[PDB]
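Down below is the structure, laid out as structure tokens.
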Amino acid sequence: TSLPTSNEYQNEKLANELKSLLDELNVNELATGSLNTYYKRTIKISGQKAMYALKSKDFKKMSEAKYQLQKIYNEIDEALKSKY
Amino acid sequence: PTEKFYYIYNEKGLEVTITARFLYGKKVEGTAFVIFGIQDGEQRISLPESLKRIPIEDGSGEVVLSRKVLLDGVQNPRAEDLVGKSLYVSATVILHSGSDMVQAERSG
Amino acid sequence: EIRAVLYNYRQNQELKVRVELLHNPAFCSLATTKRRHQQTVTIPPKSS
Amino acid sequence: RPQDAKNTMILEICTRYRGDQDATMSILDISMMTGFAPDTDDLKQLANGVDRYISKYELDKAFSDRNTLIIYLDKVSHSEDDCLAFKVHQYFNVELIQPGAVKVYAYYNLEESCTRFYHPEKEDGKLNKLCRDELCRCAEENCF
Amino acid sequence: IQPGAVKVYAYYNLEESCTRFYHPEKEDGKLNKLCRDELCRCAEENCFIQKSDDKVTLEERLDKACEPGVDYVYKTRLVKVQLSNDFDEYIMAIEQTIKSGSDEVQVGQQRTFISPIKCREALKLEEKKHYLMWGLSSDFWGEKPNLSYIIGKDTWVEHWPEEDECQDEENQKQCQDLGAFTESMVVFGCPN
Amino acid sequence: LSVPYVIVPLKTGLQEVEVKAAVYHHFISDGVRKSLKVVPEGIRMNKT
Amino acid sequence: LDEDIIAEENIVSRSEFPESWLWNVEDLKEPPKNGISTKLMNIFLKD
Amino acid sequence: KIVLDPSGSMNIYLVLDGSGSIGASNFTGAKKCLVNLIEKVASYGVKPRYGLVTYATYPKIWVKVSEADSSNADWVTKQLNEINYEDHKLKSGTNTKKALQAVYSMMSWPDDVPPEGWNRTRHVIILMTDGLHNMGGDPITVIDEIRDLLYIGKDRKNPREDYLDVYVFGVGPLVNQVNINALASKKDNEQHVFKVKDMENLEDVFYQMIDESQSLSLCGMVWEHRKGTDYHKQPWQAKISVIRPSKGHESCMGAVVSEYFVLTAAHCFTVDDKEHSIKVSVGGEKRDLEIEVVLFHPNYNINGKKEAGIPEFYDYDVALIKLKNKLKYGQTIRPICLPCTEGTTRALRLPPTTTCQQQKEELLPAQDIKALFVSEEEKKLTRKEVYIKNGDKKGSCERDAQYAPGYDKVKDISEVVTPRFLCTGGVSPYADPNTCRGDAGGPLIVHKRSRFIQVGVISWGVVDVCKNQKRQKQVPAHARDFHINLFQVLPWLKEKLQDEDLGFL
Ligand SMILES: *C1O[C@H](CO)[C@@H](O[C@@H]2O[C@H](CO)[C@@H](O)[C@H](O)[C@H]2NC(C)=O)[C@H](O)[C@H]1NC(C)=O
Ligand SMILES: *[C@@H]1O[C@H](CO)[C@@H](O[C@@H]2O[C@H](CO)[C@@H](O)[C@H](O)[C@H]2NC(C)=O)[C@H](O)[C@H]1NC(C)=O
Ligand SMILES: [Mg+2]
């Protein structure tokens, strides 16, 4: 077949990255349940930003919510290692 | 350099920290190639095996010339004869885009 | 070969860029008046 | 043949120094053809190989956003050629592709250098030109 | 619409002040509240979920009374009405606890129901007649054993006629459905 | 910008008040939950 | 919902508003660099 | 949360909605949530009293906490599995108030005198519902009676809030959070509300509620939650690097067995290797632990038959390393269980009078036994499942060691293959991966009753399938790996580790 044209492969790559974090969002939203109220405040604010970005397919929001949801995921991972 | 001199009996050797940033003030990501050398009077002598290859991350890197490599570099095994001479450093840093290159020098 | 470096200093935003080399009567390239030499790339944030 | 079939091409680079001794550490500046992405796992073999290294920040990104590649060689032989190779695949679906380029130099001297191009139709990758004595013209066009 | 407000004070003293409100219906703009002595309740609501008699489709209405919001279903009979300050109380006798309740059933004694006195214009209940009622957990109010069931927008009231009024052709089918639902809810519950 | 609201206290003590706000076309929001004292009418007297 | 706004249920309110906090005690026993001990305290901020 | 103590006296009340709002396949997912939960609680060794109530219009009590059968995890699982969705479908109410009063009757003592241990006893209540109660009164007022009965939150001097925890699960396709949030207990930094998507990835749900305060040092217990790292997946796994001049860098694996001790193979080291040249990292930190001494087995000799014509001799290839400073156990650092110990008895849920031979019968039957080891792929730890060939193919597993390089023309098979070696590898009954040489020294792990037991130590393999530092591409099928049996060296381990108080039989 004809190979995918220009932006179509790039937008699909961004959607696959956002889809990967949303699979463990329910795990991470849970994982803040035994953590401090800041993490639980941050992830539910950051979670809807990723959820809307995937279904709206806006490039600006899908870029920002990818790095935003990655940031709180790093904070949770450092929280769970420091809490033991 | 951590110190602007070298004490001959320092077992760690001379440490030279690399700092690289863009002209407008943001951090440089790249990889540095750096080599050390010795200056005797007006004449400079180069140490070939002192070459190292370090990535420059967060706008920074660090390289050390150890005491053993300098003594292996010189053919004179006396540490007493090294006093009075001077060192120089020549570094070559290239960005990870590979589109530009800067050569710097610390000497004396 | 010419090297054009494009810089993105957003803290959390990667950018979709159309970049184009213009036609030149003094320089031969794929850019002519009818057919332009343009590309579509993506620059990650805090990177070049 | 093992049902991995796609539009596939392989790039091979070789060099040799002409001086009286082996040249020391040199650097490979490689630029992809437009819409071409290298096979990653071939460069994994090259980076971990002896006398060879690829920087981490360049290496771990890879895939479609890889257009310029930086490869460091610790030495090149002066008697015979040193070589390496990796695969490339098109993903962009565009005609009149831009040729790629490979430039060689050393860290102590950028000025003495050498640069060759490549294209899947033109031998030196320099496309097509017309020239009468000293006066040359652009010619990457249809004939009429 | 939200009422506006005007506050007056001086630059050397904010503490001594005065504040008045305004609304195009309310004189002081303070909307509507109910209060018995010191214990007050919110009252910016409809008086109750009044239906316009056209929905005689009781079979839909009674099946929708098995929704999880309903915390009591009672069959009552009004005895005596007394007006008061900004409210009026309706002394009713509970005949049977059809669904739920959350308190003791007792059955056969006086149970006081209270409405805002501005809701007399919406619907006037009449003494000695039977009435079928249901509400939710925010309706019963106060402290035990002086619990008080307050009539609000979520409370529903409909007259259950006497035996001779059922023999009229309009209340023929009405007394069927309310009688079947009485059996339907003390036998089968809700299937949700 | 200040947004006034009107409320009526119903029961004594340190009771809870909560408000929220969210912006359109961006996913930035804020919520404020504070408590304030509901005091019955009257005043301090220190007699002997 | 489908509209371009955060839904109300997942809006998380700020509520930790005390004026004075971080009433803590610590002892400088870190390695003395020029006689100076460098202590790192990772601390939560408030709302 | 929930405290797990071996002196535990805990009542676990399980309430399940059976109304028409749930759906049978959501009801089955509700049951599968509870069965893995009961099994994970029984993996600790705590004996709670289970209560099982399914309700619709009317509650039906299946297991009462007063019965002696309430402390049997296996029986309560059998009673829960038999319950069908359409068992009381014809009564399809949602009367949560009566079910809480039934739980209130369970905790209620007769007359005015509670039995002693009432303040000792912990209480746990678990509810699964749609959040749409429609029959009976308000359910919240029975909880206030439960709060008043247990004297919790009613005294400033002794608040007693740590004795009751209430969790609510949102099951069914349609769910009301508002009722569920009011029903659930509300505590700071403790998750008590679960939604419909929370029913998947059960290990993450259990990780939030469980507090392992009194159960830190339990051997062979794994956190399998999706956010867990390699060391949540393997708390015992220790990475051992030997960097010495001329010899160069070499890496081997180990397994935590005590606060001061790690078990690994002996051929990774030698007598000439110094203690400062050996670095061990257990929890994944870059801070390598310093060691005190390495205890070689007394009968180990790599050059035992060197004068006869055998190049390397791998009999008794085990060693114990002593740390300079002891470890502190955590979620990523825990020891692995050793056979014929009291910890292994509590792990296998055996009576305490179980002998060392009875455990030997269960762990090593004369058949193909499921097992696993750990390997590295691009600096990340991963699991490799193998089979121990202890059955009739044990002789065929030993015979493929003839193809080992350097040992092709050695005549006697019983000389080089001692009874210490356990044999894995091959393609029968299933394809078993072969170790890299960096994988040497690791444990051979067998899984029984939600716990993990070590039965061997990784020794050597016949064919080095990982010669080009990668295990890439297929290899011949007769490549076997050998592992040192722990039952053979049990008197040496019991002699050395009786000072560590592991409870040897
Ligand atoms: C509870 O209902 C079933 C129980 O397994 C699941 O139903 C999902 O929802 C609809 C059916 O109503 C299907 O289109 C999905 O494919 C179902 N499966 C999924 C999401 O895995 C589900 O687990 C539960 N939730 C809902 C909303 O039905
Ligand atoms: C069981 O409950 C009692 C309540 O009476 C708890 O309080 C202890 O009571 C005994 C005797 O009345 C005192 O000696 C203790 O000092 C009390 N403990 C306190 C005040 O913390 C106690 O939790 C339990 N008593 C036991 C186990 O003897
Ligand atoms: Mg129901």
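If you're wondering about the labels, chains in the structure tokens are A, B, ... by order shown, residues count from 1 in each chain, ligands from 1 in order shown.
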Based on only C-alpha atoms, which of the residues in chain F come within 8 Å of chain A? I want them as a PyMOL selection string.
chain F and resi 27-29
Can I get the residues close to ligand 2 as a ChimeraX atom specification, where close means within 10 Å and we count only C-alpha atoms and all ligand atoms?
/H:116-121,151,157-158,160
Do you know which residues are within 8 Å of ligand 3 using only C-alpha atoms and all ligand atoms? Can you write them as a PyMOL selection string?
(chain E and resi 191-192) or (chain H and resi 17-22+56+92-94+129-134)
Selected residues written out with N, CA and C atoms, as a PDB file, in the first residue's frame:
```pdb
ATOM      1  N   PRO E 191     -36.998  -3.624  41.955  1.00  0.00           N
ATOM      2  CA  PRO E 191     -36.077  -4.576  41.319  1.00  0.00           C
ATOM      3  C   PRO E 191     -34.784  -3.980  40.778  1.00  0.00           C
ATOM      4  N   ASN E 192     -34.486  -2.713  41.046  1.00  0.00           N
ATOM      5  CA  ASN E 192     -33.219  -2.136  40.602  1.00  0.00           C
ATOM      6  C   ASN E 192     -32.055  -2.662  41.431  1.00  0.00           C
TER       7      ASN E 192
ATOM      8  N   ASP H  17     -23.867  -6.802  47.106  1.00  0.00           N
ATOM      9  CA  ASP H  17     -25.187  -6.519  46.556  1.00  0.00           C
ATOM     10  C   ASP H  17     -25.531  -7.531  45.469  1.00  0.00           C
ATOM     11  N   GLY H  18     -26.779  -7.987  45.479  1.00  0.00           N
ATOM     12  CA  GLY H  18     -27.238  -8.979  44.529  1.00  0.00           C
ATOM     13  C   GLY H  18     -28.479  -8.506  43.805  1.00  0.00           C
ATOM     14  N   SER H  19     -28.691  -7.192  43.816  1.00  0.00           N
ATOM     15  CA  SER H  19     -29.792  -6.559  43.107  1.00  0.00           C
ATOM     16  C   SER H  19     -29.596  -6.656  41.594  1.00  0.00           C
ATOM     17  N   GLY H  20     -30.677  -6.385  40.853  1.00  0.00           N
ATOM     18  CA  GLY H  20     -30.662  -6.372  39.392  1.00  0.00           C
ATOM     19  C   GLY H  20     -29.817  -5.270  38.768  1.00  0.00           C
ATOM     20  N   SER H  21     -29.403  -4.274  39.555  1.00  0.00           N
ATOM     21  CA  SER H  21     -28.529  -3.200  39.097  1.00  0.00           C
ATOM     22  C   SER H  21     -27.077  -3.630  38.923  1.00  0.00           C
ATOM     23  N   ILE H  22     -26.706  -4.838  39.339  1.00  0.00           N
ATOM     24  CA  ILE H  22     -25.306  -5.253  39.303  1.00  0.00           C
ATOM     25  C   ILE H  22     -24.961  -5.939  37.988  1.00  0.00           C
ATOM     26  N   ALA H  56     -30.449  -8.523  49.070  1.00  0.00           N
ATOM     27  CA  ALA H  56     -31.227  -7.860  48.041  1.00  0.00           C
ATOM     28  C   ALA H  56     -32.344  -7.066  48.714  1.00  0.00           C
ATOM     29  N   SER H  92     -35.130  -8.946  44.223  1.00  0.00           N
ATOM     30  CA  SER H  92     -34.095  -7.993  43.792  1.00  0.00           C
ATOM     31  C   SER H  92     -34.068  -6.577  44.384  1.00  0.00           C
ATOM     32  N   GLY H  93     -34.301  -6.420  45.684  1.00  0.00           N
ATOM     33  CA  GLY H  93     -34.239  -5.123  46.324  1.00  0.00           C
ATOM     34  C   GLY H  93     -32.824  -4.619  46.506  1.00  0.00           C
ATOM     35  N   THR H  94     -32.723  -3.442  47.115  1.00  0.00           N
ATOM     36  CA  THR H  94     -31.428  -2.931  47.566  1.00  0.00           C
ATOM     37  C   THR H  94     -31.685  -2.314  48.942  1.00  0.00           C
ATOM     38  N   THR H 129     -21.514  -2.462  46.038  1.00  0.00           N
ATOM     39  CA  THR H 129     -22.870  -2.081  45.655  1.00  0.00           C
ATOM     40  C   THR H 129     -22.806  -1.069  44.520  1.00  0.00           C
ATOM     41  N   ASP H 130     -23.977  -0.787  43.943  1.00  0.00           N
ATOM     42  CA  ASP H 130     -24.107   0.217  42.894  1.00  0.00           C
ATOM     43  C   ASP H 130     -24.272   1.629  43.439  1.00  0.00           C
ATOM     44  N   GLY H 131     -24.449   1.786  44.750  1.00  0.00           N
ATOM     45  CA  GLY H 131     -24.719   3.093  45.310  1.00  0.00           C
ATOM     46  C   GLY H 131     -26.143   3.563  45.140  1.00  0.00           C
ATOM     47  N   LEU H 132     -27.084   2.649  44.920  1.00  0.00           N
ATOM     48  CA  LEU H 132     -28.484   2.995  44.691  1.00  0.00           C
ATOM     49  C   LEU H 132     -29.369   2.157  45.616  1.00  0.00           C
ATOM     50  N   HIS H 133     -29.281   2.417  46.921  1.00  0.00           N
ATOM     51  CA  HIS H 133     -30.160   1.734  47.863  1.00  0.00           C
ATOM     52  C   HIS H 133     -31.570   2.313  47.773  1.00  0.00           C
ATOM     53  N   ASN H 134     -32.558   1.430  47.675  1.00  0.00           N
ATOM     54  CA  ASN H 134     -33.934   1.850  47.465  1.00  0.00           C
ATOM     55  C   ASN H 134     -34.914   1.319  48.499  1.00  0.00           C
TER      56      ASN H 134
END
```
From stretch 26-129 of chain D, collect each residue whose DSSP state is strand (DSSP E) and return the set as a ChimeraX atom specification.
/D:26-31,36-38,52-53,68-73,82-90,100-106,109-118,129
Let me make sure I understand: among A:70, A:82, A:42, A:32, which one has the smallest atom-to-atom distance to chain C if we use only C-alpha atoms?
A:70
9 Å shell around ligand 1 using only C-alpha atoms and all ligand atoms, listed as a ChimeraX atom specification:
/H:22-29,171-175,196-197,199-200
Please return, as a VMD selection string, all residues of chain D lying within 7 Å of chain A when only C-alpha atoms are considered.
chain D and resid 91 to 93
Would you mind reading off the distance between atom CA of residue E:97 and atom CA of residue E:79, one decimal, in Å?
18.0 Å
Could you please select, counting only C-alpha atoms, the residues of chain G within 10 Å of chain A and state them as a ChimeraX atom specification?
/G:1-7,9-16,44-47
Might you pull out every residue within 10 Å of residue D:15, with only C-alpha atoms counted and same-chain residues fewer than 4 positions away left off, and present them as a VMD selection string?
chain D and resid 76 to 78 80 to 84 104
From a backbone DSSP assignment, name each residue in stretch 137-341 of chain H labelled alpha helix (DSSP H), as a list in words.
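Reading the DSSP output for stretch 137-341 of chain H, alpha helix (DSSP H) covers residues 140, 141, 142, 143, 144, 145, 146, 147, 148, 149, 177, 178, 179, 180, 181, 182, 183, 202, 203, 204, 205, 206, 207, 208, 209, 230, 231, 232 and 233 of chain H.
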File of the preceding selection, N, CA, C and O atoms, as a short mmCIF file (atom, residue, chain, number, x, y, z; two decimals), in the first residue's frame:
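result00.cif, freshly written:
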```cif
data_model
loop_
_atom_site.label_atom_id
_atom_site.label_comp_id
_atom_site.auth_asym_id
_atom_site.auth_seq_id
_atom_site.Cartn_x
_atom_site.Cartn_y
_atom_site.Cartn_z
N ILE H 140 -26.81 5.14 56.82
CA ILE H 140 -25.78 5.85 57.57
C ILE H 140 -26.01 5.74 59.08
O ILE H 140 -25.05 5.71 59.86
N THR H 141 -27.27 5.64 59.52
CA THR H 141 -27.55 5.61 60.95
C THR H 141 -27.16 4.29 61.62
O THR H 141 -26.97 4.27 62.84
N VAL H 142 -27.04 3.19 60.86
CA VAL H 142 -26.56 1.95 61.45
C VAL H 142 -25.05 2.04 61.68
O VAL H 142 -24.52 1.46 62.64
N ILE H 143 -24.35 2.79 60.83
CA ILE H 143 -22.92 3.02 60.98
C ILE H 143 -22.63 3.85 62.23
O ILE H 143 -21.66 3.60 62.95
N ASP H 144 -23.48 4.86 62.50
CA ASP H 144 -23.39 5.64 63.73
C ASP H 144 -23.63 4.77 64.97
O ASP H 144 -23.04 5.02 66.03
N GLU H 145 -24.52 3.77 64.86
CA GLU H 145 -24.66 2.80 65.94
C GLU H 145 -23.43 1.91 66.05
O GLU H 145 -23.01 1.57 67.16
N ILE H 146 -22.83 1.53 64.91
CA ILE H 146 -21.60 0.74 64.90
C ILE H 146 -20.44 1.56 65.48
O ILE H 146 -19.61 1.04 66.24
N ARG H 147 -20.38 2.85 65.13
CA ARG H 147 -19.43 3.78 65.76
C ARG H 147 -19.67 3.91 67.27
O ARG H 147 -18.72 3.98 68.05
N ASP H 148 -20.95 3.96 67.68
CA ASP H 148 -21.26 4.08 69.10
C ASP H 148 -21.03 2.77 69.85
O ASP H 148 -20.67 2.80 71.03
N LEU H 149 -21.25 1.63 69.19
CA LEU H 149 -21.07 0.33 69.83
C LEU H 149 -19.60 0.04 70.10
O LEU H 149 -19.25 -0.46 71.17
N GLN H 177 -21.74 7.58 42.75
CA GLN H 177 -20.61 7.84 43.63
C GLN H 177 -21.02 8.58 44.90
O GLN H 177 -20.36 8.41 45.93
N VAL H 178 -22.08 9.39 44.83
CA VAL H 178 -22.48 10.29 45.92
C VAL H 178 -22.91 9.51 47.15
O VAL H 178 -22.51 9.82 48.28
N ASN H 179 -23.73 8.48 46.95
CA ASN H 179 -24.09 7.58 48.04
C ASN H 179 -22.90 6.76 48.53
O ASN H 179 -22.76 6.53 49.73
N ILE H 180 -22.05 6.32 47.60
CA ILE H 180 -20.90 5.48 47.93
C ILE H 180 -19.85 6.27 48.73
O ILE H 180 -19.27 5.75 49.69
N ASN H 181 -19.64 7.54 48.37
CA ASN H 181 -18.68 8.39 49.09
C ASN H 181 -19.14 8.68 50.51
O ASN H 181 -18.30 8.78 51.42
N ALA H 182 -20.44 8.86 50.72
CA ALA H 182 -20.96 9.05 52.07
C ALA H 182 -20.87 7.78 52.90
O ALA H 182 -20.68 7.85 54.12
N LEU H 183 -21.04 6.61 52.27
CA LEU H 183 -21.01 5.34 53.00
C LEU H 183 -19.61 5.00 53.47
O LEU H 183 -19.43 4.49 54.59
N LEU H 202 -5.80 -5.99 40.33
CA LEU H 202 -6.20 -6.20 41.72
C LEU H 202 -5.06 -5.95 42.70
O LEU H 202 -5.29 -5.52 43.84
N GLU H 203 -3.82 -6.27 42.29
CA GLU H 203 -2.64 -6.11 43.15
C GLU H 203 -2.38 -4.64 43.51
O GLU H 203 -1.82 -4.36 44.57
N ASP H 204 -2.76 -3.72 42.63
CA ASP H 204 -2.63 -2.30 42.94
C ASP H 204 -3.68 -1.85 43.95
O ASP H 204 -3.43 -0.95 44.76
N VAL H 205 -4.89 -2.43 43.88
CA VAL H 205 -5.96 -2.11 44.82
C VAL H 205 -5.60 -2.57 46.23
O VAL H 205 -5.81 -1.86 47.21
N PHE H 206 -5.04 -3.78 46.33
CA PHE H 206 -4.64 -4.33 47.63
C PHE H 206 -3.44 -3.58 48.21
O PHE H 206 -3.30 -3.52 49.43
N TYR H 207 -2.58 -3.03 47.35
CA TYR H 207 -1.38 -2.33 47.80
C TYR H 207 -1.70 -1.03 48.53
O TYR H 207 -0.93 -0.59 49.40
N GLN H 208 -2.84 -0.41 48.22
CA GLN H 208 -3.19 0.84 48.87
C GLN H 208 -3.76 0.62 50.26
O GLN H 208 -3.51 1.42 51.17
N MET H 209 -4.54 -0.44 50.44
CA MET H 209 -5.20 -0.66 51.72
C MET H 209 -4.31 -1.37 52.73
O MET H 209 -4.41 -1.08 53.92
N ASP H 230 11.30 -3.74 39.36
CA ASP H 230 11.88 -5.09 39.38
C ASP H 230 12.04 -5.62 40.80
O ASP H 230 11.93 -6.83 41.03
N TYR H 231 12.30 -4.73 41.75
CA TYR H 231 12.54 -5.10 43.13
C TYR H 231 11.27 -5.15 43.96
O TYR H 231 11.28 -5.74 45.05
N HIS H 232 10.19 -4.52 43.50
CA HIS H 232 8.88 -4.89 44.02
C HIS H 232 8.50 -6.28 43.55
O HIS H 232 7.87 -7.05 44.30
N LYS H 233 8.88 -6.64 42.32
CA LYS H 233 8.63 -7.97 41.79
C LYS H 233 9.58 -9.01 42.37
O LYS H 233 9.21 -10.18 42.48
#
```
